[PDB]
Amino acid sequence: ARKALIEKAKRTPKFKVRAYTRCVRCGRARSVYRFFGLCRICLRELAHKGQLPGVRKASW
Amino acid sequence: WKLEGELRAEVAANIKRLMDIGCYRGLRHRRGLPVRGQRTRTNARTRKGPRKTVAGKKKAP
Amino acid sequence: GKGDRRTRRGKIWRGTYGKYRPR
Amino acid sequence: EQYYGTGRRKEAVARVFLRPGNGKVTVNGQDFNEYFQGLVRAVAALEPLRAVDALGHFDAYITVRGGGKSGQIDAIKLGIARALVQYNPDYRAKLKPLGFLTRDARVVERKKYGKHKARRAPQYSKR
Amino acid sequence: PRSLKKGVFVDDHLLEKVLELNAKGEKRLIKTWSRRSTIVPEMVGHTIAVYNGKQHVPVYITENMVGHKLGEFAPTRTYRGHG
Amino acid sequence: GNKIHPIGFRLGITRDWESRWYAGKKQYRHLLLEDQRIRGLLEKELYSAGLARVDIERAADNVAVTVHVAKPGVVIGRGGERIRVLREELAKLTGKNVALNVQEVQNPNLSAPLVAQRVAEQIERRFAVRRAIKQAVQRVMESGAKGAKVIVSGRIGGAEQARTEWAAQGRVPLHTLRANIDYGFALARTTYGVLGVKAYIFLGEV
Amino acid sequence: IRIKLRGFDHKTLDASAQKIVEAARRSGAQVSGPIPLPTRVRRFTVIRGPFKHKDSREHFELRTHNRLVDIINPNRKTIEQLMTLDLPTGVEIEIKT
RNA sequence: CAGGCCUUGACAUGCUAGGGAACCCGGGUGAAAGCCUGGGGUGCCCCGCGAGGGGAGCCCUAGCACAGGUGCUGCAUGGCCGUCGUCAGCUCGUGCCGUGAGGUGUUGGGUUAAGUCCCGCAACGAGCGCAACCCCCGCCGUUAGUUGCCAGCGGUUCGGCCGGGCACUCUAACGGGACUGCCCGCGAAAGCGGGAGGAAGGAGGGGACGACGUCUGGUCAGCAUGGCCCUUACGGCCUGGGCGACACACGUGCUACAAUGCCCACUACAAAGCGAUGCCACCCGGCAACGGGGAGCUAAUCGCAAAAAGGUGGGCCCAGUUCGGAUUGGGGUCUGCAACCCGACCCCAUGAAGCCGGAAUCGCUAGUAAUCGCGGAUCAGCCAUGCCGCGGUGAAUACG
Ligand SMILES: [Mg+2]
Ligand SMILES: [Mg+2]
Ligand SMILES: [Mg+2]
Ligand SMILES: [Mg+2]
Ligand SMILES: [Mg+2]
Ligand SMILES: [Mg+2]
Ligand SMILES: [Mg+2]
Ligand SMILES: [Mg+2]
Ligand SMILES: [Mg+2]
Ligand SMILES: [Mg+2]
Ligand SMILES: [Mg+2]
Ligand SMILES: [Mg+2]
Ligand SMILES: [Mg+2]
Ligand SMILES: [Mg+2]
Ligand SMILES: [Mg+2]
Ligand SMILES: [Mg+2]
Ligand SMILES: [Mg+2]
Ligand SMILES: [Mg+2]
Ligand SMILES: [Mg+2]
Ligand SMILES: [Mg+2]
Ligand SMILES: [Mg+2]
Ligand SMILES: [Mg+2]
Ligand SMILES: [Mg+2]
Ligand SMILES: [Mg+2]
Ligand SMILES: [Mg+2]
Ligand SMILES: [Mg+2]
Ligand SMILES: [Mg+2]
Ligand SMILES: [Mg+2]
Ligand SMILES: [Mg+2]
Ligand SMILES: [Mg+2]
Ligand SMILES: [Mg+2]
Ligand SMILES: [Mg+2]
Ligand SMILES: [Mg+2]
Ligand SMILES: [Mg+2]
Ligand SMILES: [Mg+2]
Ligand SMILES: [Mg+2]
Ligand SMILES: [Mg+2]
Ligand SMILES: [Mg+2]
Ligand SMILES: [Mg+2]
Ligand SMILES: [Mg+2]
Ligand SMILES: [Mg+2]
Ligand SMILES: [Mg+2]
Ligand SMILES: [Mg+2]
Ligand SMILES: [Mg+2]
Ligand SMILES: [Mg+2]
Ligand SMILES: [Mg+2]
Ligand SMILES: [Zn+2]
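Protein chains in written order, with UniProt numbering: chain A, 2 to 61; chain B, 64 to 124; chain C, 2 to 24; chain D, 2 to 128; chain E, 2 to 84; chain F, 2 to 207; chain G, 4 to 100.
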């Protein structure tokens, strides 16, 4: 159960409670950041290659 | 206010009612388990009482 | 104590208000 | 008519103003002994003027913000010290040897991931 | 519980089945997946088959159990005990 | 597995972002999605020309995209033809004015992402994997490079037992911030499984 | 009439603020110099590994740096001059009166 | 998992054939899904006063090619991660030694946090590591002065409120600053001990950074991917159930057993963040959760906001208690299509175990431990006492 799931994610659901986020890159249900529409894993991927504008490795 | 015995009696009738109908809430009172959705894999000692320890599953040699 | 909802300290712990902790 | 020092300790910053007078002090629109009431550590702020017997001579007007009262105390102690050496740099000695010149850089350590606090590690159990 | 500002809840698709019955002269066994429905005074004397997830459990309804949901009388798990 | 990404390690030091715009919470993600959606389309089409770096610049409702390619002639087309069909299909993706650019790669043996795809190609072509690495390292260093390291990991030679092969020449200080290390990764596919090549070029330190 | 600037890099944000300040500086009258507003920082903390390795993370931050500049007296010399100027992609512009 | 359903399929991309295409409205049955259905209308290029007639958007059905699989193998793999370990190490080139594996260098003497340096030497160099370049904190400067600041003036509804100003505080970009630099002493040298200056002295505190490799370590269920396997189903849609079970056993935590405490009232001092079907000032209704109103803010301005421990006053008087707040009865509130299984709150009542914990065992060397509150991400709501962060107060001890 995947392509049907990541696909059903976009389908405007019968109730607005049934709606939920998918990672727009890989289709992960969990740990998805609304700001990016990216899951925590994909976020680290693109960020390390500079493909996340102004997003950089924190250090303090 | 209704107090002491009378209140206890009225509380008793309520629980008794739940059992007799008998909803899931009533069933819980029968077996003396939690009634308000708590987990029973652990804890629940207040309702269940002291631990009745039992043999586990042995390991190989 | 902190686990007592019927007190100021308790409502603080749970981060809520009411009769026992007003705002 | 005035002498200034900038006072800092632990997130707390104090703007101190030393004016000659009876020896009366004020912090943030209310009196000193009113402000640090019931705090035994309060007397430490008015201590660089002891190392130089200016207790009676100066009045002080103080602004304080950030951190806590205890932090604000150490801050005032810095600034009030700084105000005196500005009054006369001959006071630098007999204040520096006692450390009133320096600002301690001790601040809250940053909490680290995989810890409960800064260094407080999660409880170990082998098996 | 459900805020009384809002209405007492039933699925309507089950209520209508009951009301149509009340007219024509009851009864009939009623198959429902609405555990979430509140029991309602018009349901007394009926027997409604609540589905527990596996089977339709026949439930006879009386006045003493009006305020509850239907699912409350069709327990989802079977236990018996241990050992 | 331990080592941090050479690029992500140097963003705002020796490395600038591929996407260089600003946006707010209301629309960071749609802008992000379009960029990615763009890079995908371009990465597959401009494979032949040896796509190396895709830079995307944005203002409002129009977008540039600067492609760095070692063989530009493939990108432009027949007398400025192919750039059109792509910018046509690109604006069809965007809804903006796709100001597609083609920028030259001066020495293609100094582009780590290029070096990677070259070796990956060689190993899909069933070449000697150990030899292929040695040559790639050789060419890179010959091109004036201060240091080179290339790494192949996977079922090398199609062996059942997976392995890791790598060669290196000169300096490659991954710990040094003020050192410009070009990093690139190519995924290589074979009948027996997938390999992975990483190319490291130490262009120089500032 | 004031101009507020935002962007994800402080170097480009300041350059463009420094330029705009200059543009009116030539064509009078007065400018209230580019002041550094506090930086809003958005942080993301993530498990390094893909699977199950909870006690190791990576910290990521996104900084929206902020500058405000005041054009005291309009004077259409400058009020024109800005519309004809080049400031890079990293920055966004707010103009008020 | 049970039950009801779909078969070129929820999805990609080409091919025929037909409707005919669009799309927005419905309606019957049904738990929904689905099945059966009933509306209105499409230019294109065009032959067109015409009857017309077909081309190509996309819809529908039929029929293929194909899709789909979180089904299996982390003992086929990429990628990423844990770990030994921030440990002081692992090697290469040429030379020399050995028949050879290999050795030398990397050993030695001193030094250091360090294969850090110094001296020595058949070795002379070099790379991956260490350190340094990066970030936060501590002092100072420069540049800036609103939404931030108010020292000294003038008003002042007494609130930086207004004129006024950017001194200070701050904000945030660029610099400076410390190098065993200087003095003494011991030293072959490196360094070590000490002193002065100075905000900081011997890496100033903290972070980011993790060598060759190891563990056939972890992940085919994030993704990618070889191979194996399913094809009116191991794919797909839905309704409900389950992941929340409970004689038991373990880990990580929360709240306590009380007077260095508990309570009520009154009164102070943070920081980092978040916020346009969002944060919500203030008004009123409710004991209250909340509800109705209703300004301000696209936010250094408006709001979340009260920080809490503390300080002041009074109460409690050693009691299973005004300690503790589990459990249970009842009545409400809010999100949500819907809180039975299985939400968080509020209120009345209930007021359990617990009197400091057997064998055993954990963390922490300083703004640390302890203790106190605050924010965020995920998110409709929330079972968060979890996690990642932020400040407040602030120890004890290291002989060895
Ligand atoms: Mg998949
Ligand atoms: Mg949801
Ligand atoms: Mg999600
Ligand atoms: Mg349960
Ligand atoms: Mg109490
Ligand atoms: Mg600061
Ligand atoms: Mg703390
Ligand atoms: Mg009726
Ligand atoms: Mg280092
Ligand atoms: Mg084959
Ligand atoms: Mg953990
Ligand atoms: Mg197996
Ligand atoms: Mg493995
Ligand atoms: Mg692996
Ligand atoms: Mg396994
Ligand atoms: Mg085999
Ligand atoms: Mg050799
Ligand atoms: Mg021999
Ligand atoms: Mg020989
Ligand atoms: Mg050798
Ligand atoms: Mg060695
Ligand atoms: Mg050796
Ligand atoms: Mg040796
Ligand atoms: Mg070390
Ligand atoms: Mg030697
Ligand atoms: Mg070294
Ligand atoms: Mg100034
Ligand atoms: Mg294994
Ligand atoms: Mg997979
Ligand atoms: Mg597979
Ligand atoms: Mg379901
Ligand atoms: Mg579970
Ligand atoms: Mg817990
Ligand atoms: Mg939130
Ligand atoms: Mg008792
Ligand atoms: Mg007892
Ligand atoms: Mg009591
Ligand atoms: Mg109840
Ligand atoms: Mg529920
Ligand atoms: Mg006692
Ligand atoms: Mg105790
Ligand atoms: Mg230590
Ligand atoms: Mg406590
Ligand atoms: Mg919290
Ligand atoms: Mg939430
Ligand atoms: Mg719960
Ligand atoms: Zn993802």
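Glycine residues also receive a C-beta, built at the ideal position from the N, C-alpha and C atoms.
Quick one: is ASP17/G near chain A, going by C-beta distance under 9 Å?
As a working mapping, residue 17/G is identified with position 14 in the seventh sequence. Closer than 9 Å: no.
Less than 8 Å between the CB atoms is what I'm expecting for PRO114/F and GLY185/F, so what's the real figure, rounded?
Counting from 1 along the sixth sequence, the entry for residue 114/F is found at position 113. Counting from 1 along the sixth sequence, the entry for residue 185/F is found at position 184. The Cβ separation is near 3 Å, so the contact holds.
Quick check on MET66/E - is its C-beta less than 9 Å from some C-beta in chain B?
Locating residue 66/E in the fifth sequence gives position 65, where the first residue counts as 1. By this cut-off, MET66/E is an interface position.
Quick one: give me the first and last residue of the beta strand (DSSP E) that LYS150/F is part of.
The residue labelled residue 150/F in the question sits at position 149 within the sixth sequence. Unbroken beta strand (DSSP E) run through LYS150/F: 148-155.
In whole angstroms, what separates the C-alpha of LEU175/F from that of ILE182/F?
Along the sixth sequence, one-based indexing puts residue 175/F at 174. Along the sixth sequence, one-based indexing puts residue 182/F at 181. Rounded to whole angstroms, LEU175/F to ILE182/F spans 8 Å at the Cα level.
Rounded to the nearest angstrom, what separates residue 211/F and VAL76/F at their Cα positions?
The structure shown does not extend to residue 211/F, since chain F is modelled only from 2 to 207, so the question has no answer here.
Taking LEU96/D as the reference, which of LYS25/D, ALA84/D, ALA106/D has the closest Cα?
To locate residue 96/D, count along the fourth sequence from 1; it is residue 95. Here the closest residue by C-alpha is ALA84/D.
Any idea what DSSP makes of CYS86/B, helix, strand or coil?
Position 23 of the second sequence, counted from the first residue, corresponds to residue 86/B. Coil.
Starting from the beta carbon of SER59/G, find every residue of chain D whose beta carbon is closer than 8 Å, and list them in chain order.
The residue given as residue 59/G occupies position 56 in the seventh sequence. The answer, in chain order, is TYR114, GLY115.
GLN136/F to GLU166/F, Cα distance in whole Å?
As a first step, residue 136/F is located in the sixth sequence; it is residue number 135 there, counting from the start. As a first step, residue 166/F is located in the sixth sequence; it is residue number 165 there, counting from the start. Cα to Cα, the separation comes out at about 14 Å.
Please determine, among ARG54/F, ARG38/F, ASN98/F, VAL198/F, the residue with the shortest C-alpha to C-alpha distance to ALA71/F.
Walking along the sixth sequence from the start, residue 71/F turns up at place 70. If we check each option's Cα against that of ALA71/F, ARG54/F comes out closest.
At a cut of 8 Å, does the region 83-100 of chain B reach the region 62-75 of chain E through at least three beta carbon pairs?
Enough Cβ pairs lie closer than 8 Å, so yes.
Give a yes or no on whether 9 Å exceeds the smallest Cβ distance from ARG16/F to chain G.
Here residue 16/F corresponds to residue number 15 of the sixth sequence, with the count starting at 1. Closer than 9 Å: no.
Is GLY100/B near ligand 46, in the sense that its beta carbon is under 8 Å from a heavy atom of that ligand?
For the purposes of this step, residue 100/B is taken as residue 37 along the second sequence, with counting starting at 1. Checking every heavy atom of ligand 46 against the Cβ of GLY100/B, one is found closer than 8 Å.
Quick check: what's the CA-CA separation for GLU12/D versus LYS112/D?
Numbered from 1 along the fourth sequence, position 11 holds the residue referred to as residue 12/D. Numbered from 1 along the fourth sequence, position 111 holds the residue referred to as residue 112/D. Near 17 Å, if we compare the C-alpha coordinates of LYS112/D and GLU12/D.
Would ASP12/E and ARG37/E be called neighbours here (beta carbons separated by less than 9 Å)?
The residue labelled residue 12/E in the question sits at position 11 within the fifth sequence. The residue labelled residue 37/E in the question sits at position 36 within the fifth sequence. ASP12/E places its beta carbon less than 9 Å from that of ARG37/E.
Give the straight-line distance between the Cα atoms of residue 1/D and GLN33/G, rounded to the nearest whole angstrom.
What is shown of chain D runs 2 to 128, which leaves residue 1/D out entirely.
Between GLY19/C and ligand 5, is there a pair consisting of the residue's CB and a ligand heavy atom that are separated by less than 8 Å?
One-based indexing of the third sequence puts residue 19/C at position 18. Flag unset: Cβ of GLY19/C not near ligand 5.
Between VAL98/B and chain E, is the shortest Cβ-Cβ distance under 9 Å, so that the two count as touching?
The residue given as residue 98/B occupies position 35 in the second sequence. Interface annotation, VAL98/B: not in contact with chain E, CB-CB separation never under 9 Å.
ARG7/C: beta carbon under 8 Å from a heavy atom of ligand 5?
Position 6 of the third sequence, counting from 1, holds the residue named residue 7/C. At least one heavy atom of ligand 5 is found less than 8 Å from the C-beta of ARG7/C.
Using beta carbons (cut-off 9 Å, strictly below), is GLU19/F in contact with chain G?
Here residue 19/F refers to the residue found at position 18 of the sixth sequence. So no, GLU19/F is outside the interface.
Using a Cβ-Cβ distance under 9 Å, would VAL117/B count as near chain E?
On the second sequence, residue 117/B is found 54 positions in, with the first residue counted as 1. Yes - at least one Cβ of chain E is within 9 Å of the one on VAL117/B.
Here's the rule I'm using: 16 or more other beta-carbon atoms within 10 Å means buried, otherwise exposed. How should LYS127/D be labelled?
Counting from 1 along the fourth sequence, the entry for residue 127/D is found at position 126. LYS127/D comes out exposed.
Which of helix, strand or coil DSSP assigns to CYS40/A
Against the first sequence, residue 40/A aligns to sequence position 39. Strand.
Find the nearest neighbour of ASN34/D within the set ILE74/D, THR103/D, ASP91/D, judged by alpha-carbon distance.
Counted from its first residue, the fourth sequence places residue 34/D at position 33. Nearest option by C-alpha distance: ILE74/D.
CA-to-CA distance, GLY95/B to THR116/B, given in whole angstroms:
On the second sequence, residue 116/B is found 53 positions in, with the first residue counted as 1. On the second sequence, residue 95/B is found 32 positions in, with the first residue counted as 1. Near 18 Å, if we compare the C-alpha coordinates of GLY95/B and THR116/B.
Which of the residues in the region 65-77 of chain G, read from start to end, lie with their CB under 9 Å from any CB of chain F?
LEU65, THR67
Do the CB positions of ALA146/F and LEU204/F come within less than 9 Å of each other?
Counting from one through the sixth sequence, the residue named residue 146/F turns up at place 145. Counting from one through the sixth sequence, the residue named residue 204/F turns up at place 203. Result yes, Cβ atoms of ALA146/F and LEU204/F sit closer than 9 Å.
Listed by chain order, chain F residues near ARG9/G by CB distance under 9 Å
For this step, residue 9/G is matched to residue 6 along the seventh sequence. Simply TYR23, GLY25.
Tell whether a beta-carbon distance below 9 Å holds between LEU65/G and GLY51/A.
Position 62 of the seventh sequence, counting from 1, holds the residue named residue 65/G. Position 50 of the first sequence, counting from 1, holds the residue named residue 51/A. The answer is no: Cβ separation not under 9 Å.
Which residue's Cα is closest to the Cα of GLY100/D: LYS78/D, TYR114/D, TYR88/D?
By 1-based counting over the fourth sequence, the position of residue 100/D is 99. For the residues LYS78/D, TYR114/D, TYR88/D, the minimum Cα distance to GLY100/D belongs to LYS78/D.
Using 8 Å as the cut-off, can you tell me whether the region 43-51 of chain G makes contact with the region 3-10 of chain F, which would need three or more C-beta pairs spanning the two stretches below that distance?
no
If you reduce the DSSP assignment to three classes, tell me which class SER35/G lands in.
The residue given as residue 35/G occupies position 32 in the seventh sequence. Correct three-state label for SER35/G: strand.
If you draw a straight line from the alpha carbon of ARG79/F to that of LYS93/F, how long is it in whole angstroms?
The residue labelled residue 79/F in the question sits at position 78 within the sixth sequence. The residue labelled residue 93/F in the question sits at position 92 within the sixth sequence. Cα-Cα distance, rounded: 21 Å.
Interface flag, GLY85/B vs chain E, CB-CB below 9 Å
Within the second sequence, numbered from 1, the residue matching residue 85/B stands at position 22. Closer than 9 Å: yes.
Chain-ordered neighbours of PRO76/E on chain B, where CB pairs are closer than 8 Å
Stepping through the fifth sequence from its first residue, residue 76/E is reached at position 75. Those within 8 Å of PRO76/E in chain B are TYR87, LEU90.
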